[PDB]
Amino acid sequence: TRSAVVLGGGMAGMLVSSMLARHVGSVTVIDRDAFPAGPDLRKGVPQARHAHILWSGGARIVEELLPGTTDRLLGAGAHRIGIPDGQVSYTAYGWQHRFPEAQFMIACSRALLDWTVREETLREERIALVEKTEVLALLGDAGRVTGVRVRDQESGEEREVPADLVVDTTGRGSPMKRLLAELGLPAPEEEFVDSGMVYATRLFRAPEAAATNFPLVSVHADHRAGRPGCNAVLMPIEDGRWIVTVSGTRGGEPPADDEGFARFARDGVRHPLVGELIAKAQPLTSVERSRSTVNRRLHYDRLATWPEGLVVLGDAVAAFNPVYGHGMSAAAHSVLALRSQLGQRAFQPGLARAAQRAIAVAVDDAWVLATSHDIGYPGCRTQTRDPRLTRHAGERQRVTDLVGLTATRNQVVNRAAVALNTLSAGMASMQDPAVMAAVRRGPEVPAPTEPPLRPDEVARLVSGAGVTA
């Protein structure tokens, strides 16, 4: 009984289709893009060309909704990288000591992750993916949405798709503002923090002995310094390749050419470790850039009038600067918020409004983590009403900077630090007396003077060829 229509077949659309199919009779996914039969790039997801980090918070939710996805991803060549044991990060406060595993992350190409999730989601026959179809209008009125009017691209014909619930997961380019204006409702309050961050990505062939078991390598900017923030990340992906992403805010954007790419990885960031590593490897692709790095939040939950049976989640409601890697995990938490409101209110009046408020809560942690670090950079453009970002930004920063500094050299503080940053625990977990006691206990290890690389890791950066003696 009952039917749902999900707009957009990306990450959030697939995950919320898996969830909705367990609560309604049929789910119809509407997308304007063409979908490949294998782990391929497509025009509807241009961000798949760049490095994608799936934190434990998102991966655990994906595993719950689609059991077997993690093992399937690992079987295809993905890497399970422990945190912080398997990471080499020059943090804003110094090198992070590689304590034993507290959290984890999944490392694969975004194309492989999207194809794997879609294959598992579409095993349920009651979910239908309708490709290359435009979204014309929402059916119903400003009091209740009753479906969507769509148009096939090949024919141009228009049809009505009825639904008891319409979920918008069309991503950053969501047309929900227009779709709502044609419904008569005003525009939602728009919050954004624009640092001008620009991505630049190249693919590399890892040295043979390092195709397996290699750590995530990241060189971070110092968000407290008054210089443009530049980052460099090296992430192993399937099939023995390395995806290398460099980034910079306004006034320090990475170049588009191959020559300048390696120079940026060596001298554009605070430590040349990534630049040193890529020169052990064969480049495979040219530089591809992205400018989709604005933290943007649409407050649909606070509109005076909100229609029944209409829900927005994913990048359509809250997008973030990707250098913090919370986008996919935030959408996963949003899907669970909707699932929580379905278990509580079923399809009674008030579900859509209650779902929109829980979705706003579910993304607030990722929003704060991204925007609190982005506002400091030179040339930043901010439009906000949040006192955390405005009035109380100085006091909140003096505490996180103290937490972050201690987290590089204290295991229990690091435990809470990575639990929050992987979106596996809430903000309140940082106020537990057992964490603030460890912050007051100070460091338990010396600040590393070198990249905390393991000797067996660096040994696998060379073939060992040409030696017979």
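In case it trips you up, residue 1 is the first one in the sequence shown, and so on.
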With reference to the PDB entry, specify whether the mean Cα temperature factor is higher for 80 to 88 or for 385 to 393. 385 to 393
When mean C-alpha B-factors in the record are compared for 184 to 192 and 266 to 274, the larger belongs to 184 to 192
Looking at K177, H373, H333, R241, which has the highest CA B-factor as recorded? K177
Listed options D71, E253, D301, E131: highest C-alpha B factor recorded at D71
By the entry's values, the third containing the CA B factor of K43 is the highest
Position of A163 among the chain's modelled residues by C-alpha B-factor, lowest, middle or highest third: highest
Chain thirds by Cα B factor, record data; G442 belongs to the highest
Lowest, middle or highest third: where is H52 by C-alpha B factor in its chain? lowest
Rank-wise, by C-alpha B-factor, drop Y93 into the lowest, middle or highest third of its chain. middle
